[PDB]
Amino acid sequence: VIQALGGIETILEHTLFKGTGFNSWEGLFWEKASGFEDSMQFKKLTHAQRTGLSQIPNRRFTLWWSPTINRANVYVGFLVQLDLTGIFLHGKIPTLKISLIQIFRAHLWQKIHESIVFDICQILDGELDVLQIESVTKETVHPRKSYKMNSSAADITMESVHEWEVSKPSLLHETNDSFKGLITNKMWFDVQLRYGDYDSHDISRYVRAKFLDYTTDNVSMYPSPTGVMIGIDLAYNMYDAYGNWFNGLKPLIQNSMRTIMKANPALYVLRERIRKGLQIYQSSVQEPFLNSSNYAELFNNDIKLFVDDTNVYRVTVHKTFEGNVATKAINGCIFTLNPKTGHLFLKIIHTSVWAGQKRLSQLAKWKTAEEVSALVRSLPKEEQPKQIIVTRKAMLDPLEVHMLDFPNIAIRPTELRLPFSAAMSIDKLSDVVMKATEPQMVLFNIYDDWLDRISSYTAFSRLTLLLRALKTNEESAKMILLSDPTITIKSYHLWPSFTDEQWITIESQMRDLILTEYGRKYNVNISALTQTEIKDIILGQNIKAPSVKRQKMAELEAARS
Amino acid sequence: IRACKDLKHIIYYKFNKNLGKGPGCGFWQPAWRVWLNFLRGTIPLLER
Amino acid sequence: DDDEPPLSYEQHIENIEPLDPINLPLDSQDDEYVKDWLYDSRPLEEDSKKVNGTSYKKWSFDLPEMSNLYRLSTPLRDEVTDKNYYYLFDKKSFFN
Amino acid sequence: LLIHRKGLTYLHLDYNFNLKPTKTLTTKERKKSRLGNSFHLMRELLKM
Amino acid sequence: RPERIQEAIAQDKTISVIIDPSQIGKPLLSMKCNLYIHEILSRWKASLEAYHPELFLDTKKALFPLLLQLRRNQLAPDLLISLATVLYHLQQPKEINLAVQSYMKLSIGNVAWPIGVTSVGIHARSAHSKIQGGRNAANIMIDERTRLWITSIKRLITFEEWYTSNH
Amino acid sequence: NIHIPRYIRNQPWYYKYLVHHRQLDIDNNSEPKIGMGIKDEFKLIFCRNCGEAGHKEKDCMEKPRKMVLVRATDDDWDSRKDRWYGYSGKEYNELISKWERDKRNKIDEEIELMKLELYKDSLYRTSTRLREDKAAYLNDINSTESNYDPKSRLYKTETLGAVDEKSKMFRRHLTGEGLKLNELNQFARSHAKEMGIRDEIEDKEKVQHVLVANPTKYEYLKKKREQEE
RNA sequence: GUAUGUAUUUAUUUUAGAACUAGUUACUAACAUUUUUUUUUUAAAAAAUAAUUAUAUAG
Ligand SMILES: O=P(O)(O)O[C@H]1[C@@H](OP(=O)(O)O)[C@@H](OP(=O)(O)O)[C@@H](OP(=O)(O)O)[C@@H](OP(=O)(O)O)[C@H]1OP(=O)(O)O
Ligand SMILES: [Zn+2]
């Protein structure tokens, strides 16, 4: 049958394989685990709620053959456009609209657009020399310009010192053009995104058609007649351009387009959301996670922050007038700290955040990401981080979309389970969270006064011991801190002001509590373990990792010799 | 609609004989007749 | 555009002089009898020999005008003059 | 004027005769605002 | 024209940099804040070698519209009260942390949604239209110049923490 | 590979690994493709009044009397439905000429502002990109093969780390407090092995010898070992 | 998670007991993520094997 249909090439030109960006078709084949619906088919679940589970595989099937289903050579069909994107779907399939909305959710089309606009404008700021550009002014256009397919304005304007000797319009790669014909004072750059069908995906005809329509027509308001039009095909991973060149534009723009097309984060978030919507694996894990073998990377000179969301959406259960109970939201905190200097930016989320909305455990992810983006924007460039460690893996996807706005900040998911949720159970923190009447940022210094007598790395591991104790037993440890009434806490201060001998003894009490309770709970004694295994336990690191394997192999190699 | 589409087939291969494949037919008399005869049938229905 | 109201005839349209219609250019002597009126609105609306009146209900031509319209309308004539062409394509073969 | 007599102000009828909502509707509003076949048939004729 | 400049400098040596907290909650307060910002810039200018020297020109350029608004009494009062609270906790000797905390009140504010969030999931409801951020947002999102000078106040705060560390 | 089924690993009879599948352009699909171009080709292509031999009297395009380049058949759906085909440039030249004629027809500091610059010796829709910064993949547009990872937005430099050749993993170089943790970690492991024997079979207490289990003791012990030397 | 319903007044109308104590059952809650193949003896003995998961469900 595969020779009957013509081969994998003539099968895969129908499919959405070109937009995913796997390297080869051979990676279509994996032991794919179903994930969500596997968990959900066993639960106690309504009659109406169980037939909804069976339209999850149909959305993936409809996504995969979506160039062929949403093709352009149709018999009858009135073309409509999606809401916050620019996709024209011929008629009405309800499965395909859900798939493409899930792909382009959180306003991703417009983020891709202004991402490529700022990237072009930053390259043109970098080259106010030898192109002889006076100024590159970025235009402020209508927020619906990213997907107004009727007409468009320009969004980058190039004003020159004296004159530009400007060629006749031709494509980006036509190698022969005379610069002598025309003279302009200013030029315009414009970026057009199209989503291609199975039929209509000749991108060069698209860019020449958009240029030759929008320059001659009167609806599209351009500053000068001279400019260039840049077009990108998102469904099929292609680019081209058309318009007026001078001496120096074309080799700059073709290299700009190939590197932006390979390394834009926005287009990577698109291709990743496509791979997720099709449920296919591609391991691209260039930097290792924050495991126990990397552990001291936190204590470099460069600034970085831990973000944590576990206490952002909390509720209280209460009895209704009927039999069933209901949940009402309470105050929350976004736990962000930097481990080198102990600054603790504590975002108190009031309940006026959750005022009218619902689903409330999906929205909390986007609330944390939006608030972290506001915190990072409020910092200066020298004081913005260079790295952000996300604790839970469900906080990757909102932070990636909101940190599209800051491309120079790395994001590393952690590999070791961190106890910062137990930071709610400190009464000085819990008090300030609960008494709040207004959504606000409150600063704490979680290393109380330790950084004078105690260096920062042992202070972080001390805080690890304390928070693992308060997450493990929560009252035995809270009584271990509160043995003596003589040691108080100050007004500025979080922890009881112990001397350092007392910190040595109480850290010993904490590791005794943690390791004894662990060995009692999981029926595995601490004494027969490696020092690697205990350092693995206390930091909350997980086994089945590749790092535990390669660490044990490296220790075996080091101790066999 | 199918009538108009069928009429296109019998007009184009009288028009495009020995002159290619482009647009530019513009012999719009038969399709115009089809949609007028639709309109007189849906006058009494849409008044109702 | 979808958000543009329809422009007023009295301002934007009526003061513009019109443009050139199709108008196949006729010969001067081969198409002599039909040249001066072929492309009017109602071609002989007021010519009481060739029409009844401006009510425009009946028509009567000579022979050269009718012959000229016969030659000039070559691409849309029937050009089947014997009834034995429709041997098994007449209406009644279709009914059978 | 028919749409605005019926109480439906969040439906927008632009000058190329398309009917699209100006917000995200509730279900009560989607019940109150299902226009018939007759409205949309007259609407597509005006569009043509 | 140099006469008004000279008499204004003579008045500039007359007025003093004292933020009283009862005086915060109008033109003389704006001038006192204006002059304290100038004095912070002068204490940078005395010690330009040890810091980053590359930030100083850009800091002056980003601060210059703020200094202009404080010179002309044109700054909005809700924003100016927050700025004066930052500058008070900056002026006090030891509470350098309350300066950064009131700065976080200055830049983000007390708005529920600082930056808007749009189209969270597949399922669209009407109340999502309340989320977005054109209506009420942070002061760091009002205009792009306001972002520059609000960031520059934080930069002067970090300068002042270094200066009270060493000198 | 393990994953592919046996209905793909099998070559048919008439191809007598998996050479038979390789020819969109799979197997370099990670590299994005470009515009193929615009190619508009025209090819070349008895009656009583024409006098030519080709057609019939009903088909003659001349006017009935009393007595040629053709679109070459390309079948892309964009190419048959293209609005701009055989475009020479007449409309753009009329546009440029009209604009040239129109262009031919066409052709401060305040007191307090001067005071402040003399002292200083010199719209909620606005984006969050923060224009004055620069992305990291833009500095290497000219050469090839950028160092920016689009998944995790780190920019691999030579100062920042080094690549293991066999694992293809970028492990960062450490600086100050990372060195003072790593050399202290090795110190705690060595002090533990000399204090007991800690050979990891002897099955006794050794909870006091893991570093993270009790760090303040090891910080002060490292410190006094520095003080003694 | 919907449907659907319910709540949101100010502009003034005349004159047998008392005390102490902890867990067991049901039901509800869009509120929350510690491997595979064995063998043998009565804890010990053998054999083995491989750069890391979903924000998606409604009558
Ligand atoms: O026959 P239809 O389904 O109505 O589609 C035709 C058809 O295209 P295909 O038959 O290849 O699908 C014609 O092609 P030819 O019969 O001429 O080969 C023609 O194209 P031409 O303009 O080249 O005649 C025409 O185009 P138009 O729409 O301008 O009448 C139109 O295409 P669409 O219906 O797809 O627009
Ligand atoms: Zn002929």
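- In its metadata, the entry names cryo-EM as the structure determination method and reports 3.3 Å as the resolution.

1. Some details on the overall build of chain A
So, point 1. Counting secondary structure elements, chain A contains 20 helices and 16 strands.
So, point 2. In terms of principal-axis extent, the alpha carbons of chain A reach across some 90 × 70 × 60 Å.
So, point 3. Sequence separation of at least 24 residues holds for 67% of the intrachain contacts in chain A that already meet a minimum separation of 6.

2. Focus on the overall build of chain D
So, point 1. The helix and strand inventory of chain D stands at three helices and two strands.
So, point 2. Reading the helices (α) and strands (β) of chain D from amino to carboxyl end gives α-β-β-α-α.
So, point 3. Each of the three principal axes of chain D carries a C-alpha extent, and together these read 30 × 20 × 15 Å.
So, point 4. Within chain D, the fraction of its 48 residues that count as buried is 23%.
So, point 5. The long-range share in chain D, meaning contacts at least 24 apart out of those at least 6 apart in sequence, stands at 40%.
So, point 6. For chain D, the accessible area works out to roughly 3,800 Å², and carbon and sulfur atoms hold 55% of it.

3. With respect to the interface of chain C and chain F
So, point 1. Across the contact, 11 residues belong to chain C and six residues belong to chain F.
So, point 2. Carbon and sulfur atoms supply 62% of the area buried between chain C and chain F, which totals about 690 Å² over both sides.
So, point 3. Interface area lost by chain C to chain F is led by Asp-30, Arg-71 and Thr-74 of chain C, which between them contribute 55%.
So, point 4. For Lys-63 of chain F, the salt bridge identified is with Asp-31 of chain C, shortest N-O distance 2.5 Å.
So, point 5. Between chain C and chain F we count one residue pair in polar contact in total.

4. Considering the site of ligand 1
So, point 1. Looking at ligand 1, the residues that line it are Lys-8, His-9, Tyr-12, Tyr-13, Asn-16, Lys-21 and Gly-22 of chain B together with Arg-80 and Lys-81 of chain F.
So, point 2. Neighbouring residues of ligand 1 are distributed over chains B and F.
So, point 3. Between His-9 of chain B and ligand 1, the recorded distance is 2.9 Å, taken from a side-chain N or O atom to an oxygen atom.
So, point 4. In the model, an oxygen atom of ligand 1 is placed 2.5 Å from a nitrogen or oxygen of the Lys-21 of chain B main chain.
So, point 5. Coverage of ligand 1 by the protein chains reaches 64% of its 630 Å² of free accessible surface.

5. Here's the deal with the sheet that holds strand β13 (residues 343-349) of chain A
Residue and element names in this part refer to chain A.
So, point 1. Across the sheet, which stays open at both edges, the six strands sit in the order β15-β14-β9-β12-β13-β16 with mixed pairing between neighbours. Every interior strand has two partners, whereas the edge strands, β15 (410-413) and β16 (440-445), have only one. In this sheet, adjacent strand axes meet at a mean angle of 25° when their direction is disregarded.
So, point 2. Relative to strand β12 (residues 332-337), strand β9 (residues 305-308) runs antiparallel, the two being bridged by three bridges. Of the residues in β12, the one forming a bridge with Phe-306 is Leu-337.
So, point 3. Strand contacts of helix α12 (residues 363-377): β9, β12, β13, β14 (387-390) and β16, with the helix running at about 45° to β12, the strand carrying the most contacts.

6. Regarding the coordination of the zinc ion (ligand 2)
All names here are of chain F.
So, point 1. Around the zinc ion (ligand 2), the protein contributes the donor atoms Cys-47 (SG), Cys-50 (SG), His-55 (NE2) and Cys-60 (SG), at 2.1 to 2.3 Å from the metal centre.
So, point 2. Coordination at the zinc ion (ligand 2) comes from four donor atoms whose angles at the metal span 34 to 148°, giving a geometry best classed as irregular.
So, point 3. Read N to C, the donor residues that coordinate the zinc ion (ligand 2) are spaced as C-x2-C-x4-H-x4-C. An identical accessibility class is assigned to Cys-47 and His-55; each is buried.

7. Comments concerning the protein's contact with RNA strand G
So, point 1. Of all residues adjacent to RNA strand G, which total 42 residues, the nearest are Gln-49, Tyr-313, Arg-359 and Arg-392 of chain A together with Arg-125 of chain E.
So, point 2. Near-protein atoms of RNA strand G (within 4 Å) split between backbone and bases, with sugar and phosphate holding 65%.
So, point 3. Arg-392 of chain A places a polar side-chain atom, nitrogen or oxygen, 2.6 Å from a phosphate oxygen of RNA strand G.
So, point 4. Contributing elements (two or more residues each) for the surface near RNA strand G: α3 (36-40), α4 (47-50), α5 (56-64), β11 (325-330) and α20 (546-560) of chain A, α2 (27-32) of chain D together with β5 (169-172) of chain F.
So, point 5. Of the residues that constitute the surface near RNA strand G, the class distribution is 15 nonpolar, 15 polar and 12 charged.

8. With respect to the pattern of salt bridges
So, point 1. Taken as a whole and judged by the stated rule, the model has 51 salt bridges over all chains.
So, point 2. Note that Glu-26 of chain A is salt-bridged to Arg-22 of chain F, the shortest N-O span being 2.7 Å. Separated into two different chains, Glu-26 of chain A in the loop between α2 (17-20) and α3 and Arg-22 of chain F in the loop between α1 (6-9) and β1 (33-34) make up a pair that spans both.
So, point 3. Of the residues examined, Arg-22 of chain F reaches a relative accessible area of 40% and is grouped as partly exposed.
So, point 4. Between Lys-45 of chain E and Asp-121 of chain F there is a salt bridge, with its nearest N and O atoms 3.2 Å apart. Of this pair, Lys-45 of chain E sits in helix α2 (residues 27-46) while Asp-121 of chain F sits in the loop between α4 (111-119) and β4 (161-164), on two different chains.

9. Examining the interface of chain F and chain A
So, point 1. Taken together, the contacts link 99 residues of chain F with 124 residues of chain A.
So, point 2. Looking at which element gives the most residues to the side of chain F that touches chain A, the answer is helix α5 (residues 176-195) of chain F, with eight residues.
So, point 3. In terms of residue class, the side of chain F that touches chain A is built from 41 nonpolar, 25 polar and 33 charged.
So, point 4. Across two bridges, the pairing between strand β8 (residues 238-243) of chain A and β1 of chain F is parallel. If you follow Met-238 of chain A over to β1 of chain F, its bridge partner there is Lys-33 of chain F.

10. A word on the environment of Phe-345 of chain A
Residue and element names in this part refer to chain A.
So, point 1. Counting through the fold element by element, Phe-345 comes out in strand β13.
So, point 2. For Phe-345, a relative accessible area of 8% corresponds to the buried category.
So, point 3. For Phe-345 and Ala-326, which are 19 residues apart along the polypeptide, the C-alpha to C-alpha distance reads 32 Å.
So, point 4. Not counting chain neighbours up to four residues away, the residues in contact with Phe-345 comprise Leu-305, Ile-334, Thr-336, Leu-375, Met-441, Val-442 and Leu-443.

11. Focus: a positive patch on the surface
So, point 1. Positive charge collects at one region of the surface, where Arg-359 of chain A, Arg-30, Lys-31 and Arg-34 of chain D together with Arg-125 of chain E lie side by side.
So, point 2. In this structure, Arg-34 of chain D sits in the loop between α2 and α3 (37-47).

12. Focus on the side chain of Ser-82 of chain E
All names here are of chain E.
So, point 1. Along the chain, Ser-82 turns up in helix α4 (residues 77-91).
So, point 2. Judged by relative accessible area, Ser-82 falls into the buried class, the value being 15%.
So, point 3. A polar contact of 3.3 Å, which involves the side chain of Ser-82, links it to the backbone oxygen of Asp-78.

13. Here's the deal with the packing of α2 of chain E against helix α6 (residues 144-166) of chain E
Residue and element names in this part refer to chain E.
So, point 1. Direction vectors running N to C along α2 and α6 enclose 55°, while the axes themselves pass 11 Å from each other. When the axis of α2 is compared with that of α6, the two are oblique. Where α2 crosses over α6, the two elements pack in a sense that is left-handed. Residue-level inspection shows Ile-37, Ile-40, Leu-41, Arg-43 and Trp-44 of α2 in contact with α6, the latter providing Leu-156, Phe-159, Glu-160 and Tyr-163.
So, point 2. Here the residues of the contact of α2 with α6 sort into seven nonpolar, no polar and two charged.

14. Digging into the nonpolar core
Residue and element names in this part refer to chain A.
So, point 1. Of all hydrophobic cores here, the largest spans 113 residues; its most connected members are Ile-116, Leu-124 and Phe-189.
So, point 2. Per element, the largest residue contribution to this core is nine residues, and it comes from helix α8 (residues 108-125).
So, point 3. Once residues within four sequence positions are removed from consideration, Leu-124 is found in contact with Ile-133, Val-136, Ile-156, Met-158, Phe-189 and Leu-252.

How each quantity is defined
Residues numbered from 1 in each chain as written, not as in the entry; some residues may be left out. Chains lettered and ligands numbered in written order. Part of a larger assembly, values for the part shown. Heavy atoms only, no water. Residues with missing side-chain atoms left out of burial classes, pairs and counts. Helix = DSSP H or I, 4+ residues; strand = E, 2+ residues; numbered from the N terminus. Contact = heavy atoms within 4.5 Å. Buried < 20%, exposed > 50% of the residue type's maximum accessible area, 1.4 Å probe, protein only. Areas by Shrake-Rupley, 256 points an atom, 1.4 Å probe, with all protein chains shown as cover. Buried area = accessible area lost by both parts, 1.4 Å probe. Salt bridge = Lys/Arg side-chain N within 4 Å of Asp/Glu carboxyl O. Polar contact = N/O pair within 3.5 Å; in protein donor to acceptor, adjacent residues only side chain to side chain. Near = heavy atom within 4 Å. Pairing = 2+ DSSP bridges. Axes fitted to C-alpha atoms, helices over the stretch in contact; angles between N-to-C directions. Donors = N, O, S within 2.8 Å, 3.2 Å for Na, K, Ca; no water. Tetrahedral: all angles 85-135°; square planar, octahedral: opposite > 155°, others 65-115°. Nonpolar A, V, L, I, M, F, W, Y, C, P; charged D, E, K, R; others polar. Patch = residues over 30% accessible without salt bridge, like charges linked within 9 Å, V, L, I, M, F, W, Y side chains within 5 Å. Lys, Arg positive; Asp, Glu negative; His and termini not counted. Charge placed at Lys NZ, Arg CZ, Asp CG, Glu CD. Parallel < 35°, antiparallel > 145°, perpendicular 65-115°, else oblique. Left-handed = near helix turned anticlockwise from the far one by under 90°. Core = buried A, V, L, I, M, F, W, Y, C linked by side-chain atoms within 4.5 Å.

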